[PDB]
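Each answer follows from the model by the rule given with it, or from the source it names; no laboratory instrument gave them. Every residue, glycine as well, gets a Cβ built from its backbone with ideal geometry; the counts of neighbours run over all protein chains shown.
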Amino acid sequence: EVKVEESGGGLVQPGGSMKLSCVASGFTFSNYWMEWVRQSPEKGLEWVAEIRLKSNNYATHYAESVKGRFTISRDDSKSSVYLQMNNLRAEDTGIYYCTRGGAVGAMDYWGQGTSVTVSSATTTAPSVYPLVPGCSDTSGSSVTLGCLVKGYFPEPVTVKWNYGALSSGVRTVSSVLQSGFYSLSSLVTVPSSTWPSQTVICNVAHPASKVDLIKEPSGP
Amino acid sequence: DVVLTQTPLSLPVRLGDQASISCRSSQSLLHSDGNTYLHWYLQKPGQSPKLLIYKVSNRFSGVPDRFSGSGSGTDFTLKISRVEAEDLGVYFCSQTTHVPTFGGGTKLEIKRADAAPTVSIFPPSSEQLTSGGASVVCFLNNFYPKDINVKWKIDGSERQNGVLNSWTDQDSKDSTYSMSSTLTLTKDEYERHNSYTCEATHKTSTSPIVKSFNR
Ligand SMILES: CO[C@@H]1O[C@H](CO)[C@@H](O)[C@H](O[C@H]2C[C@H](O[C@@H]3O[C@@H](C)[C@H](O)[C@@H](O)[C@H]3O)[C@@H](O)[C@H](C)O2)[C@H]1NC(C)=O
């Protein structure tokens, strides 16, 4: 019932700025300290900052590496907490999580996280091609369809089928960076009857370019 | 800072079995107030980390009694009895006695029964041709172990360059893997040939699983 949701990620240049937001619900927000933790493939999980309570005069504490560049703040009325980031560096690249300072002594509830990429390379929305049967005989769980997502930057890209309604047997390999771009594939398996009679589409989202791409695989 | 080193780095375990993750810190985590703030978290593929154990041994809400933790000086341990599919992911240890720090993480993999792959080959979509390249995809679905080799043959001849292989994380349900091999050619290279074949060799067989199409 406790809910925490961050937003505001994307691609930034060095040394630019960026602000993240976190909205909590399901608990008396004002009674808890709030935290920001980031995860990068170079340094793993790293605590960034914390901001305490009203009675504490909203005392804040930052990790040595972001001290003087990042500012954390809260707004108890709207159950939100923000993270202002300035003079960003490549090292600041990673997924940023908003977490609650639990009464039990640990960060108990985390949000889904929002990704941040600090780079001098620009954003490129993905290209999506259909992976279709390839005209063959039914011998592999009954028909397999997919969406090939190529040439995008930065990461991540999320893929869903039938807007999420279709979630059984969905397979999405991890992205691979080559020639300066990422690409991945997402495939789903469905009964050779429920297709093409029925509609199957893939939903490819790319936060950095704020695009949602909907493609329906037809027999063609 | 306080460094937290976890071992092992990767942990293969059979369903229903027992797994054990350790966490060692560079200094004592005993706080002046007498508590030790060492915690454990589980992060499943795609999901954010979830708290399992707080203050060395207290289980968080909804955390089954299968997860138990202990401590002794600078050494801490997380134990998972009766391991089950849903348990896959990365487990992290963290401390909040001093400036909060986290360990490197331990990926828990489900050691399950071998499963032979199902191969599907998708010729390039005409929609890709104007990009200047063509991608033929060979999808190997629901197999285990993870290791697999895909070979590509263009008109009988083996083609090694232009290939990109990538895997999925282990599936929460049946604990299998899927992987796709993508052969990318220049548009004209693709049209100067007619047979495209990918052969997959997995532990589950001697003879290559072959799939191919002709234009
Ligand atoms: C250096 O001391 C530590 O500073 C960190 C950064 O500001 C804090 O996150 C960290 O606090 C711990 C414990 C805290 O839990 C509350 O306070 C403790 C003292 C109580 O025992 C507990 O019941 C709670 O009221 C928790 O919310 C955070 C995330 O971690 C702090 N260490 C300590 C030991 O206070």
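Screening B:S28 against (1) within 16 Å of the ligand (Cβ to nearest atom); (2) within 11 Å of chain A (Cβ to nearest Cβ); (3) at negative phi; (4) in contact with a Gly (Cβ under 8 Å, 6 or more places away or on another chain) leaves a single unmet condition, (2). If you go through segment B:1-22 and keep only what is touching a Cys at 6+ places or on another chain (Cβ under 9 Å) and within 13 Å of another protein chain (Cβ to nearest Cβ), you end up with B:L4, B:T5, B:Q6. Picking from residues in segment B:92-124 that are under 22 Å from the mean Cα position of the chain (by Cα), more than 8 Å from chain A (Cβ to nearest Cβ) and β-branched (V, I, T), the one that is farthest from B:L11 (Cα to Cα) is B:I110.
Take the residues in segment A:122-131 that are in contact with a strand residue (DSSP E or B) (Cβ under 6 Å, 6 or more places away or on another chain) and either in contact (Cβ under 8 Å) with a residue 24 or more places away in the chain or farther than 30 Å from A:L145 by Cα (or both); name whichever of them is nearest to the ligand (Cβ to nearest atom).
Within segment A:122-131, the first condition is being in contact with a strand residue (DSSP E or B) (Cβ under 6 Å, 6 or more places away or on another chain), and the residues that meet it are A:123-129, A:131.
Narrowing further to those that are either in contact (Cβ under 8 Å) with a residue 24 or more places away in the chain or farther than 30 Å from A:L145 by Cα (or both): A:123-128, A:131.
Working: A:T123: 34, A:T124: 38, A:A125: 38, A:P126: 38, A:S127: 43, A:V128: 42, A:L131: 45 Å.
Taking the candidates together, the pick is A:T123.
Each residue in segment B:62-72 was checked for being loosely packed, with under 12 Cβ neighbours inside 10 Å and touching a residue at least 24 places away in the same chain (Cβ under 8 Å), and 0 of them qualify. Just one of (1) surrounded by 20 or more Cβ atoms within 10 Å (Cβ to Cβ); (2) assigned to a strand (DSSP E or B); (3) within 16 Å of the ligand (Cβ to nearest atom) fails for B:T97. It is (2). Just one of the listed residues (A:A63, A:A49) is of a type in the set (G, A, S), surrounded by 21 or more Cβ atoms within 10 Å (Cβ to Cβ) and within 11 Å of the ligand (Cβ to nearest atom), and it is A:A49. For segment A:131-160, a residue qualifies if it is polar (S, T, N, Q) and not in a loop (DSSP other than H, G, I, E, B), and the qualifying residues are A:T144, A:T158.
Quick one: which strands (runs of 3 or more DSSP E) lie wholly within segment B:107-210 and hold at least 3 residues that are surrounded by fewer than 17 Cβ atoms within 10 Å (Cβ to Cβ) and among the basic types (K, R)? So that I can check it myself, show each step before the final result.
On the way: elements: B:118-122, B:133-143, B:149-154, B:157-159, B:163-167, B:177-186, B:195-201.
Hits in segment B:107-210: none.
Each residue in segment A:10-33 was checked for being within 16 Å of the ligand (Cβ to nearest atom) and either within 12 Å of chain B (Cβ to nearest Cβ) or touching a residue at least 24 places away in the same chain (Cβ under 8 Å) (or both), and 7 pass. Among residues of segment A:71-109 being closer than 17 Å to A:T60 by Cβ and among the basic types (K, R), the one that is nearest to the ligand (Cβ to nearest atom) is A:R100.
I'd like to check which strands (runs of 3 or more DSSP E) are fully inside segment B:5-67 and have at least 2 residues that are within 18 Å of A:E46 (Cα to Cα). Reasoning before the result, please.
On the way: elements: B:10-14, B:19-25, B:38-43, B:50-54.
Counting at least 2 such residues, we get B:19-25, B:38-43, B:50-54.
Consider A:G16 carefully, then state whether it is outside the structural domain of A:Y152 (by CATH), part of a loop (DSSP other than H, G, I, E, B) and over 24 Å from B:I53 (Cα atoms). Taking the combined requirement at face value, the residue satisfies it.
Within segment A:130-147, which residues are touching a helix residue (DSSP H, G or I) at 6+ places or on another chain (Cβ under 8 Å) and either more than 8 Å from chain B (Cβ to nearest Cβ) or among the hydrophobic types (A, V, I, L, M, F, W, C) (or both)?
Within segment A:130-147, no residue meets the criteria.
Right, B:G89: within 16 Å of the ligand (Cβ to nearest atom) and more than 9 Å from chain A (Cβ to nearest Cβ) or not? Answer is no for this residue.
A search for C-beta distances below 6 Å between a residue of segment A:173-201 that is closer than 13 Å to B:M179 by Cα and any residue that is among the acidic types (D, E), counting only pairs 6+ apart in sequence or on different chains, returns A:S175/A:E155. Of the residues making up segment A:34-45, just one is surrounded by fewer than 20 Cβ atoms within 10 Å (Cβ to Cβ) and either away from chain B (no Cβ under 13 Å) or of a type in the set (D, E) (or both), namely A:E42.
Please verify whether A:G105 is surrounded by 15 or more Cβ atoms within 10 Å (Cβ to Cβ), assigned to a loop (DSSP other than H, G, I, E, B), in the same structural domain as A:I51 (by CATH) and free of Cβ contacts under 8 Å to residues at least 40 places away in the same chain, treating the condition exactly as stated.
yes
If you filter segment A:173-219 down to residues that are touching a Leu at 6+ places or on another chain (Cβ under 8 Å) and in a loop (DSSP other than H, G, I, E, B), you find that the one that is surrounded by the fewest Cβ atoms within 10 Å (Cβ to Cβ) is A:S174.
Residue check: is A:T117 more than 10 Å from chain B (Cβ to nearest Cβ), under 30 Å from A:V188 (Cβ atoms) and either part of a strand (DSSP E or B) or under 21 Å from the mean Cα position of the chain (by Cα) (or both)?
Numbers: more than 10 Å from chain B (Cβ to nearest Cβ): yes; under 30 Å from A:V188 (Cβ atoms): yes; either part of a strand (DSSP E or B) or under 21 Å from the mean Cα position of the chain (by Cα) (or both): yes.
Considered against the rule, which asks whether it is more than 10 Å from chain B (Cβ to nearest Cβ), under 30 Å from A:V188 (Cβ atoms) and either part of a strand (DSSP E or B) or under 21 Å from the mean Cα position of the chain (by Cα) (or both), A:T117 comes out as yes.
Restrict the check to segment A:132-155 and report whether at least one residue is surrounded by fewer than 19 Cβ atoms within 10 Å (Cβ to Cβ), out of contact with any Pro (no Cβ under 9 Å at 6 or more places or on another chain) and over 21 Å from B:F213 (Cβ atoms). Yes, the conditions are met somewhere in segment A:132-155.
Of B:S61, B:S125, B:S120, B:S57, which residue is within 16 Å of the ligand (Cβ to nearest atom) and farther than 24 Å from B:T7 by Cβ? If you could, list the steps in order and put the result at the bottom.
Numbers: B:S125 fails: within 16 Å of the ligand (Cβ to nearest atom); B:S120 fails: within 16 Å of the ligand (Cβ to nearest atom); B:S57 fails: farther than 24 Å from B:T7 by Cβ.
Exactly one residue qualifies, and that residue is B:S61.
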